[PDB]
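Novice:
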Amino acid sequence: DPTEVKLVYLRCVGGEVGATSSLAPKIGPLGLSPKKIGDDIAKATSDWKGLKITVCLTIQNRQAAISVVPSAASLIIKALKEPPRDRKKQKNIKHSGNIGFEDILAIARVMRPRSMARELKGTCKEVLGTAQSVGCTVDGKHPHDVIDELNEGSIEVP
Amino acid sequence: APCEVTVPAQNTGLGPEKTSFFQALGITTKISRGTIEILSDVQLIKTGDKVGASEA
Amino acid sequence: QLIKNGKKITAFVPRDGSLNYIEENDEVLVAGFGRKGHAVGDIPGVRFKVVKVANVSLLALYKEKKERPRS
Amino acid sequence: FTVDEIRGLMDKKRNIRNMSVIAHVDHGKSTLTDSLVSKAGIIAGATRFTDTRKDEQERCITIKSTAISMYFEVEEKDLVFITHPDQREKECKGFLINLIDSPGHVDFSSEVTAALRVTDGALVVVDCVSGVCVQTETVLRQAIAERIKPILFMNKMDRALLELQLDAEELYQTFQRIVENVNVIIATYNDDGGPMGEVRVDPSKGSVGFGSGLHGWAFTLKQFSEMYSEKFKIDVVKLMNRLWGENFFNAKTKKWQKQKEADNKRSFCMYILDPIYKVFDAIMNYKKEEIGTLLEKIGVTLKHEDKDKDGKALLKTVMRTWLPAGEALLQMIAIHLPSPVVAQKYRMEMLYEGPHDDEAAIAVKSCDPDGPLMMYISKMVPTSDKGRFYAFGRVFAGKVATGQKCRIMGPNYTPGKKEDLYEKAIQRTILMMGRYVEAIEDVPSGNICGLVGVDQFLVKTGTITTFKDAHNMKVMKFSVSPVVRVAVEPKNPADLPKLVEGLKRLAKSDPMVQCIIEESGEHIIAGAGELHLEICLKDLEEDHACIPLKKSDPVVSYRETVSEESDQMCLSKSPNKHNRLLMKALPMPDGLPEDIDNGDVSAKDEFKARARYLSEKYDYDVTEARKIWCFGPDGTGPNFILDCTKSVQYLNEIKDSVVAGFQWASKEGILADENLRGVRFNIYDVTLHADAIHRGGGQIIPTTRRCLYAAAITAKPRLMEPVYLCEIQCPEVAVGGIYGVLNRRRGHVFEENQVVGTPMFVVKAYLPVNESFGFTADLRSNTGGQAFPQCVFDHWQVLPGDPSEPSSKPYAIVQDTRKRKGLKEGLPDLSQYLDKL
C-alpha cells in the first residue's frame, strides 16, 4: 500500500555519478525506481556544474527519480570557478581559488531554499560569502569586511 | 524508566546482523525473510527499572 | 632417457613440425633409423627415430586423424 | 545386510536421503557420525570410518572424503507425519540415509562443495557454548546456494551442564540466539524463499535436536511431545508448539499460558530440562537414593553388567538408555529431509548449464531411471589400489550400466565440441562403503555410485552421459581460490618420472588438486587452504609419488624493462671485427605493450594496416611502425626491431641473422636472463665487411646480442613485479581487517561494492605476490576470521627499481637468478659490449 509515493531520500557524492556496481543498494529497488537509470538521471544535474562532492536529494514519485542537488551552495561556488576541465585532468586539484562572481553568487544565495534565518538577501549574502575558501569574493577584493558593505542585491528578491 | 517500554512485532527491517544481541536480554526475535522481525509484543522494561546499556 | 637403462639418446622427430608435438617430460617411443647403428645421413650422431608421443604416434597427429590425450 | 538387499532399497528412491555433515572443527563431526554408525546396525555397525586418512584418526582431524550408508525403519504412525510430495506414501518403513564425508576444513573446499553439490540434505553441528561460528556459515552459504535444506543439532550440551553449571533459563537464551544465528544464513540466502519455502530450521518443527554427541546423548523435541501426549491427554501436534518456550506451564491454574506472567516457569525448563538436570545432579552427587526414584518415574531400565561404578559411568549408561543419539538424529533426517525425488525438482536450474526445457533436464526432475544417464562426478577418491582412481558419482538420470558405453564429458564440454570427449565403457559400478568396495550390476537414479576405470579420462570434474545432446554439469563454483601454492621438486633427480605420474594421481584424487608447471621449471601444487595444501603435500610424499620431496616458496617469474633514453651511441664489433652495428634503446610508451599482448598489436598483422594504429592512436612515427622487423620473445613479444637503416645495401641478407639475435637477446636479458619487457631497439647504421662469406650468422648473431645488451644498459635498466586482484568477502565489520593487511603488503584498494547491501562486501585489492603468504592467517587474525580471500593473476607491473645499482630491491632478485644459472655473479658493463668507433 504505497498511495501516491512522495518519498525523500538523501545521497552524497557525485564525481560523475558512478554507475560501477555501486550506488544505494538498498533504497532504490524496493522503491521500484531502477538501479541503473537513477544515476543516469542524476548525471543531468551534477553534469555541467557540479562534479565536486554533491549532496543530492532523490525524490521518488512512483518510479521517477528527481535528482535535486539540495541548492548545494558549496557546489555552486565551486562550479562558478574558472571552470570546465571535466575529468582526466581535474587532477590539480579541484581547489582552484581565484574567481570574482558578484551576482552569480547572489543567485546561489537565493537558491538556498528561503530557510536561512534570514531577512532575505542582506543577511544571506553574508553567510554564503564567508563560506568561500575557493572564491575569495569580487576579483580585486579579499573577503571579510567587504561583505558588510554589500550595497547591491538587497531589495530585488524580497 | 519513566514508562513501560514496549517493542512492536514487525520487521525492523535489518540485515543478517545481530539477532543474538536482542535475544541476549530476550527480546524474542526471529528473521522473517532476511529482515530481522520482533516475534511478539513484549514489555522489555517496567517503570523505575534501570535500563541496561545493551538494551538501550 | 630410456626407462630400462637411464641411457641418453638423441632421436630425430620424423615427419612434419613435430617438436611442437614432443613436449618436454612426455613419454616417447624410441625406435632406430634402420642403419645398423650408424648416424643418419647428414645428421650428426642421431642413430634414432621417434615414432610416438603420449602413446598416439606422431604419424597420426600430423595428418590430424588423431588428437593428443590431455596430459 | 548383503548386496541384493541394498539394490532393492535403491529402487526405493523416495526413501533415500543423500546428505552431508556441516560443521566447525572441533565441533564433533566425528562424534555424531561415530554415534550414527554404531547405531546403524544393518549396514555398518562398529565405530566406522569417520576420519579415514591416517593421521585423520590420530588428530581426530576431519581432513577429508569418504564413506557412509545407513538403514533405519520408521514407525508406522511416524510415516504419516512425513510431509513431502505426490502421495507416495513415502513408501514402506525403511529409509536409506547416505552420509557423505564433509571436510571440516573451513577453506570452502572444492572437496567440500563436491560433496555438497549433489547433497540433498545437511546436518548442521553448532556447539552451545561457542555458537555460530563463522566456520558453519561458510559451508552453509555454499550449501544454501546449492539448495541445501539444513537440519540443526546443537552439540556439546554436557559441557554446559557439567562444567559451566548452566542456568536452566540461561541455556534457553543460548539455544534461541544460536538457532536464529543459523537463520541469519538461511533467511538471506534462500534462492527465493518462498519457492524454496521457509527453510526455516527453528525448534517447534523440532528440526533442532539437543547435543550430548560424546555421551550419545540425543535430544528430540518430537521425542518429548510423543511421551507427554498420552500423559496430558494432549495432542502431539499441539504439544510441539506448547513446549516451544513462550509455552507457559502455570501449574496452579493448569493454564496453557502464553503468559510469562506470574513468574513463569518456561515449558522448555519445566517438563523438559528439569528431569534431565535432576538425572545429572542426583547421579554426580552419589545420592544412591534419589537416583532410584528418578529412574523409576521415567522408567530407566538398568542394562546388564554395567551396574558397576558410580557417577560419570552411570551418566553415560543412563543417558544412553533414555535418549537414542542416533535415533534423534535419524528421526529428523527421515521426516523433513530431502527426498531425491522431492529434491531434484527444485534444484534443476542450478544443476543444468543447458536446457531447463531439455529432455535430459525433465528426466532429472522426475528421477526417471528410463532417462539419459545423468552422472555428476563428484571426486575420484582414495583407493589403496593406487594403480587407479575410483570415481565417486551420483545417479540423477538413468541406471548405471556395467559396462555401458558412456561419453565422458570433461568440465567445459559443449556438445558441438569434439574437445576431450572419450567414449569408453565403465568396467564396474560400485557401492562405496566407505573403505570397501562391493560390486553391483545396476546403479538406479537417485543413488550414490562408484565408477571404474573412468580414472584416466577423469582428471577432475566429470559428467557421464549416453546423451549426445546432454548437457554438462554446472560443477564450477568449487573455487575459493587454490592460490596457496608451493613449488615441489625432488631431492632425488632420478625420481622425476614418479613425481610426474604422482601429479596425475593427485589431480585425479583431489578435485582441489590443481597441478601446473611454472615458466621457471617448477611444478606448482595448489590448495584452497594452507592446511589443505599440507594435507596434499603429505599425500604426495607418502602415497602417490612415494617421494623424497623438497617444498619451496613460490620463487616467481622476473621480467626486465628499460625506462629511458639510451645515453649512448652503442656500437658493437663482430668476432671478425669488420662487423659493426649501431643501436639505441627506447621505451615502451605504456599503453602500447599492453596492446601488443591483448592482441590489438598483431605480429602477423600486415605492417602497413597495423602501422596506422601504431601511428595515429599510438603516436608512432609512421615509417618506423611499418619498418618493424621483429616482435620478440617468442616473436609475438612486446619488444621491437625498428629498422632505422635504409640504404645499407647489405641489409636484405642480414635480416634473418638480426631477427634470430633479437629473439635470443630478448629471452636472454643481460641482467637476470630475465625476459624482455617493452624495449624498442632502433638500428642506427650498419657497416659491412665486403664479403658475405664473412657476414656469418656466426658473426652477426653475436653482434646483435652484444649491441642490444649495450643499448639496454645505457637504457637505465629496470625490473617488473606482478600484482593481483584480491576479492575478499566480508560481513561488513570484517572489511576493516582486510585493509589493515593490505597496508602491511603495501598494495592498493580497488573498489568496494555490496550486493543487496546488508549483503556482504566485496573488497577488491592489489597484493604483490611475494608478500601475500600467509594471507589466510593474517586476514583472519584481524577480522576475527570472517576474512575469506580470493586472488588471481591480474598483473605485470614495472618497479622503478634500477638493477645496475646494487641498491638491492631489483638486483637481489637478479643476483639469485644469475647464480642459479651459473651465470657470472654480476657483470653488467658497457666495456664488454662496446668497440669505440
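Protein chains in written order, with the working numbering: chain A, 926 to 1083; chain B, 2 to 57; chain C, 16 to 86; chain D, 158 to 994.
C-beta: ideal position from N, C-alpha, C; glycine also.
Under the three-state reduction of DSSP, which class applies to residue 858(D): helix, strand or coil?
Specialist: Three-state DSSP puts residue 858(D) in a helix.
Novice: Can you tell me where the beta strand (DSSP E) holding residue 295(D) begins and where it ends?
Specialist: From DSSP, residue 295(D) is part of no beta strand (DSSP E) but of the alpha helix (DSSP H) over 291-302.
Novice: Give every residue of the same chain whose Cβ lies closer than 7 Å to the Cβ of residue 458(D), excluding the five residues on either side of it in the sequence, and list them in chain order.
Specialist: The residues are 478.
Novice: Checking contacts by CB at 9 Å: is residue 913(D) closer than that to chain A?
Specialist: Interface residue, yes.
Novice: Got a sec: is the Cβ-Cβ distance from residue 59(C) to anything in chain D below 9 Å?
Specialist: Not one chain D Cβ lies under 9 Å of residue 59(C).
Novice: From residue 324(D) to residue 2(B), what does the alpha carbon distance come to, in whole angstroms?
Specialist: Near 27 Å, if we compare the C-alpha coordinates of residue 2(B) and residue 324(D).
Novice: Could you tell me the alpha carbon to alpha carbon distance between residue 933(A) and residue 1053(A), rounded to whole angstroms?
Specialist: Whole-angstrom Cα-Cα distance: 25 Å.
Novice: Please report the Cβ distance between residue 1000(A) and residue 994(A), rounded to the nearest whole angstrom; I am assuming they are in contact, meaning their Cβ atoms lie under 8 Å.
Specialist: At roughly 6 Å, the Cβ-Cβ gap stays under 8 Å, so residue 1000(A) and residue 994(A) are in contact.
Novice: What is the residue span of the alpha helix (DSSP H) that residue 355(D) lies within?
Specialist: Residue 355(D) -> no alpha helix (DSSP H), and no H or E assigned at all.
Novice: For residue 408(D), count the other beta carbons within 10 Å of its own beta carbon; 16 or more makes it buried, fewer makes it exposed. Which is it?
Specialist: When all chains shown are included, residue 408(D) counts as exposed.
Novice: Starting from residue 8(B), follow the beta strand (DSSP E) in both directions and report where the run begins and ends.
Specialist: Taken as a continuous stretch (DSSP letters only), the beta strand (DSSP E) holding residue 8(B) covers 6-8.
Novice: For residue 577(D), which residues in chain C fall below 9 Å Cβ to Cβ?
Specialist: In chain order: 82, 84, 85.
Novice: For the segment 650-671 of chain D, enumerate the residues whose C-beta is nearer than 7 Å to any C-beta of chain C, in chain order.
Specialist: Going along the segment 650-671 of chain D in chain order, one finds 657, 661 with a Cβ nearer than 7 Å to chain C.
Novice: Kindly indicate the opening and closing residues of the alpha helix (DSSP H) around residue 479(D).
Specialist: Here the alpha helix (DSSP H) through residue 479(D) covers 468-479.
Novice: For residue 295(D), count neighbouring C-beta atoms within 10 Å of its own C-beta (all shown protein chains included) and say buried if the count is 16 or more, exposed if not.
Specialist: Residue 295(D) is buried by the Cβ-count criterion.
Novice: Which first and last residues belong to the beta strand (DSSP E) in which residue 228(D) is found?
Specialist: Residues 225-230.
Novice: Taking the beta carbon of residue 968(D) as the centre, do at least 16 other beta carbons fall within 10 Å, making it buried, or is it exposed?
Specialist: Label assigned to residue 968(D): buried.
Novice: Report all residues from its chain with a CB closer than 8 Å to the CB of residue 371(D); omit the five preceding and five following residues, and keep chain order.
Specialist: Taken in chain order, the residues that qualify are 185, 188, 313, 315.
Novice: Tell me, please, which residues DSSP counts as bridged to residue 284(D).
Specialist: Paired residue(s): 312(D).
Novice: Compute the distance between the beta-carbons of residue 167(D) and residue 601(D), then report whether it is under 9 Å.
Specialist: Yes, they are a contact pair.
Novice: Might you give, ordered along the chain, the residues of its own chain that have their beta carbon closer than 8 Å to the beta carbon of residue 551(D), omitting 5 neighbours on each side?
Specialist: Correct list, in chain order: 175, 275, 532, 533, 535, 603, 604, 605, 606.
Novice: Residues of chain D with a CB under 9 Å from the CB of residue 20(C): which are they?
Specialist: Ordered by position in chain D, no residue passes the 9 Å Cβ test against residue 20(C), which lies about 12 Å from the chain.
Novice: Can you grab the Cα-Cα spacing for the pair residue 9(C) / residue 35(C), in whole Å?
Specialist: Beyond the ends of chain C as shown, which are 16 and 86, falls residue 9(C); an answer cannot be given.
Novice: Which residues of the segment 941-967 of chain A have a Cβ closer than 7 Å to any Cβ of chain D? Give them in chain order.
Specialist: Per Cβ criterion, the list reads 945, 946, 947, 950, 951.
Novice: Counting Cβ pairs, one atom from each stretch, are 3 or more of them under 8 Å apart for the segment 344-352 of chain D and the segment 318-334 of chain D?
Specialist: The segment 344-352 of chain D, when compared against the segment 318-334 of chain D, does not touch it at the 8 Å Cβ threshold.
Novice: Give the residues of chain B in contact with residue 350(D), contact being defined as C-beta atoms less than 7 Å apart.
Specialist: The answer, in chain order, is 34.
Novice: In the DSSP assignment, find the unbroken beta strand (DSSP E) run with residue 489(D) in it and report its ends.
Specialist: Unbroken run through residue 489(D) is the alpha helix (DSSP H), 482-492; no beta strand (DSSP E).
Novice: Going by DSSP in three states, residue 821(D) sits in which element: helix, strand or coil?
Specialist: DSSP places residue 821(D) in helix when its eight states are reduced to three.
Novice: Can residue 834(D) and residue 718(D) be called in contact, C-beta distance under 9 Å?
Specialist: Yes, the Cβ-Cβ distance between residue 834(D) and residue 718(D) is below 9 Å.
Novice: What is the rounded straight-line gap between the Cα of residue 305(D) and the Cα of residue 507(D)?
Specialist: Cα-Cα distance, rounded: 12 Å.
Novice: What does residue 242(D) reach in chain A if we use C-beta pairs closer than 8 Å?
Specialist: Here the premise fails: no neighbours, minimum Cβ distance about 33 Å.
Novice: Measure the beta-carbon distance from residue 377(D) to residue 641(D) and round it to whole angstroms, keeping in mind my assumption that it falls under 8 Å.
Specialist: Rounded, the Cβ-Cβ distance is 42 Å, inconsistent with contact.
Novice: Is the separation between the beta-carbon of residue 566(D) and that of residue 578(D) shorter than 9 Å?
Specialist: Yes, these two residues count as a Cβ contact at 9 Å.
Novice: Please state whether DSSP places residue 340(D) in a helix, a strand or coil.
Specialist: Of the three classes helix, strand and coil, the one that applies to residue 340(D) here is helix, per DSSP.
Novice: Residue 705(D): which of 645(D), 683(D), 769(D) sits nearest, CA to CA?
Specialist: That would be 645(D), whose Cα lies nearest to the Cα of residue 705(D).
Novice: Taking only three categories from DSSP, how would you classify residue 585(D)?
Specialist: Reduced to three states, the DSSP call for residue 585(D) is strand.
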